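Only one structure is covered here, and it is reproduced in the block below.
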Ligand SMILES: *[C@@H]1O[C@H](CO)[C@@H](O)[C@H](O)[C@H]1NC(C)=O
Ligand SMILES: *[C@@H]1O[C@H](CO)[C@@H](O)[C@H](O)[C@H]1NC(C)=O
C-alpha cells in the first residue's frame, strides 16, 4: 500500500546474477489528491517563543468550494483562541468557511507557543465540500541556549 | 551521505540561464529563466519571485558584497517566469569598478520564491557565473596523437 | 528590545553589567548584532545618522549575512544605551526564523548574550518557569466604574450568556501578592450563577491572576466584585489544584455594594439582583 504524501515517489531497483549487475530504470509513482492540505512544519521550533505556523489548502477541483480547518494540539502548546468543544481532546478553531476559487489555493495561519520539550504531535483537521480529511503532523522543540 | 536538517522542501525551483557563462554580447543584456514546479508534477499557478544578485572572487569564498540595486520582484505565472539583468548598470560604483576587463570573476545569483495564494517558501541559488575575456577552451577527444 | 508601530522603529536600550569587584564606569569595546527576520531589511540612510553625528557613539556599521553589524566603543554602566532604526520589509515567508538580538565584547567572542524577538504583535504572553504557565492571554481588560447608576441591568445578561464567557459569579477579594508578574488576587466565593463546567461548589476561596500592565482592572482589598470571565486554565506546577482562574481581557468586573444602601441609592443593588435571578431562573 502506497504511503500518503503529495510528492512523487521514485522507486528504483538493482539486480545481481552470474551474468552481472543490472540497474532498472527509475519508476516514478505519482501520488496526487484533488483537495488536500499541507503545512510548513518548521524544524526544531525553539521553545518559549510563538510561531506563525503557515499552511495552504489546495483545490484542483474545477468548481469553487468553502473550506474549514481546525487545529488540535496535545498537552501542551499555548493557543490564542480556545475553547475545546465538544470533546476535551478536540480543539474547536471556530473556523469560518472561506471561499476557494477553482484551480486556486488559500492561506491558513496558526499562532502557537510550545511550553515543553518536543517532539509533540499536532493535528490539523480539514472540513470541506468535496469530502473532508485530517493529517497528523509532529512538532519538535529545542531549549534556548547551547554550550557543549 | 549528508547529515543535516532538511525540512523536506515542498516544491522544486529550477534556475535556467539562457547562456551558461556571460560573454561580450551578454554583458549589456542577460536573460535568465526561473521555473518552479510542485513535487506532484503540477506547475505552480501563481507565486511571488524575488531575485538577488552578487559578485564573488572564488568558489571557496562563501561571503561577498552585493547590490544594492535590486531585488527585482516578478510573479511566477503558470509555473514559469523570466527576467533580464544587465551588468553595465549592476557593478558600476556599487562594485567600485565598472568594465568587463576590470572584473574577471564569478557572479552569484539568489532566488527566493514565495506562494501568493498560500504560505510556502523555497530558495535556490547559482554557485557562480564567471565573466571571461577569453571564451571557452580547447581539448581533444578520441584522437590518439600518432602518425601513420 | 521592543518593536512598536509608532515603516517600523526598532529600539535596543542595552547596558553593561557591573562586577562586585569592578567599580562602575563603562564597558570594553563590543560588537552589537541585530538579526533581521528573513525578508526584512533596514534603511541605511536612517542608519547613516549614527556615523555622520558630531558626537560619535559608533565607529562603523555594516550588513553581513542578513544581519546588522555596528561596533560600540563603550557600553554605559549607568543607563541603557538606545539604538533606533526604521525597517523596510517585503512580504514572504514560509516560516519566519526566530530573530536574535546579541551583543559581545570583540576581545572575547566566547560568551555572547542572545535574546529572541518578533516584529509581529504578541498574542500569547507571560509564561512562568516556576508555575509552568499556562497563559494568560496578552490582551488587556477593564473594570466597570464604581457605583455606575443603572445603565444597564439588561446588558449584563447579554455579556454572561456569551459562549466565550464561562464563569460568571460573585466573589470577595481577600489577599493580594504583588507581581512578578502575577497579582494572585486571593478571593472568596459568595454566590454562583454559571459556574458552567467543569468547576463547582462554593466558598472555595479561589484566585485569579492578571498582569500588572493593566492598571484599570485594579481591585480593592476587602471589596466584593462581581466577576464574569473566560474558562479557568487547568493545573499548575502542582499536579493538584487544578482549576486556577485566568482573569483575561473583556472580563466583566463590577463593584457589588455591601455598605448602605441607601448610598444614593439602594435601587442600584436591585438592578444587580434582577440579572442574578434572571440568569439563575432561565439562563443561557
Ligand atoms: C490525531 O488523530 C489521531 C487518530 O488516531 C489520534 O490518535 C490523536 O489523538 C490525534 N492527535 C491530537 C493531538 O488530537
Ligand atoms: C500546592 O501549592 C501550595 C501553594 O499554593 C503549596 O503550599 C502546597 O504544597 C501545594 N498543595 C498540595 C496539596 O501539594
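Residue numbers (the authors' numbering), protein chains in the order written: chain A, 789 to 936; chain B, 217 to 364; chain C, 1381 to 1386, 1399 to 1676.
Just so you know, even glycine gets a beta-carbon here, dropped at the ideal spot from N, CA and C.
Check	Outcome
On the CB-based measure, 16 or more other CB atoms within 10 Å of its CB, does residue 1483 of chain C come out buried or exposed?	exposed
Would residue 857 of chain A and residue 932 of chain A be called neighbours here (beta carbons separated by less than 8 Å)?	no
Tell me whether residue 1567 of chain C counts as near ligand 2, meaning its Cβ is closer than 7 Å to at least one heavy atom of that ligand.	no
Roughly how far, in whole angstroms, is the beta-carbon of residue 1491 of chain C from the beta-carbon of residue 1429 of chain C, given that I think they are within contact range, below 8 Å?	5 Å
Out of C/1516, C/1574, C/1552, C/1408, which one is the CA nearest neighbour of residue 1394 of chain C?	Within chain C, residue numbering steps from 1386 directly to 1399, and residue 1394 of chain C belongs to the interval with no atoms modelled.
Quick check for students: name the residue ranges of the beta strand (DSSP E) that lie wholly in the region 332-360 of chain B, counting only runs of 3 or more.	337-342
On the three-pair Cβ rule with 8 Å, is the region 1621-1633 of chain C touching the region 1557-1566 of chain C?	yes
Within the present structure, is the beta-carbon of residue 1632 of chain C separated from the nearest heavy atom of ligand 2 by less than 7 Å?	yes
In whole angstroms, what is the alpha-carbon distance linking residue 1635 of chain C and residue 1385 of chain C?	37 Å
Are the CB atoms of residue 890 of chain A and residue 844 of chain A nearer to each other than 8 Å?	no
I'd like to check one pair, residue 1485 of chain C with residue 1406 of chain C: are the Cβ atoms closer than 8 Å?	no
Excluding the 5 residues preceding and the 5 following residue 343 of chain B in the sequence, name in chain order all residues of the same chain whose CB lies nearer than 8 Å to its CB.	275, 322, 324
Under 8 Å between C-beta atoms, does residue 1486 of chain C make it to chain B?	yes
According to DSSP, which residues form a beta bridge with residue 297 of chain B?	B/250
One question on the structure: do residue 1585 of chain C and residue 1668 of chain C come within less than 8 Å of each other, judged by their Cβ atoms?	yes
Could you name the residues of the same chain whose beta carbon sits closer than 7 Å to that of residue 1638 of chain C, not counting the 5 residues immediately before and after it, in chain order?	1528, 1600, 1621, 1622, 1624, 1625
Mind checking whether the beta-carbon of residue 910 of chain A lies closer than 7 Å to any heavy atom of ligand 1?	yes
Looking at residue 1424 of chain C: is its Cβ nearer than 8 Å to the Cβ of residue 1464 of chain C?	yes
List the DSSP bridge partners of residue 233 of chain B.	B/248
Going along the chain, which residues of its own chain have a beta-carbon closer than 6 Å to the beta-carbon of residue 881 of chain A, five neighbours each way excluded?	858, 859
Can you have a look at residue 307 of chain B and say buried or exposed, based on whether 16 or more other CB atoms are within 10 angstroms of its CB?	buried
What is the rounded straight-line gap between the Cα of residue 245 of chain B and the Cα of residue 303 of chain B?	8 Å
Express the C-alpha separation of residue 1510 of chain C and residue 839 of chain A in angstroms, rounding to a whole number.	9 Å
Beta carbon of residue 862 of chain A: closer than 7 Å to some heavy atom of ligand 1?	yes
Cβ of residue 931 of chain A less than 8 Å from any chain C Cβ?	no
With a threshold of 8 Å between beta-carbons, can residue 277 of chain B be considered close to chain C, or not?	no
In chain order, what residues of the same chain lie with their CB nearer than 8 Å to the CB of residue 268 of chain B, ignoring the 5 residues before and after it?	282, 287, 325, 326, 327, 328
Could you list the residues in the region 251-267 of chain B with a C-beta less than 8 Å from some C-beta on chain A, going in chain order?	254, 255, 256, 257, 258, 261
Since residue 1550 of chain C is in the alpha helix (DSSP H), which residue starts that stretch and which ends it?	1545-1552
Is any heavy atom in ligand 1 found nearer than 7 Å to the beta carbon of residue 877 of chain A?	yes
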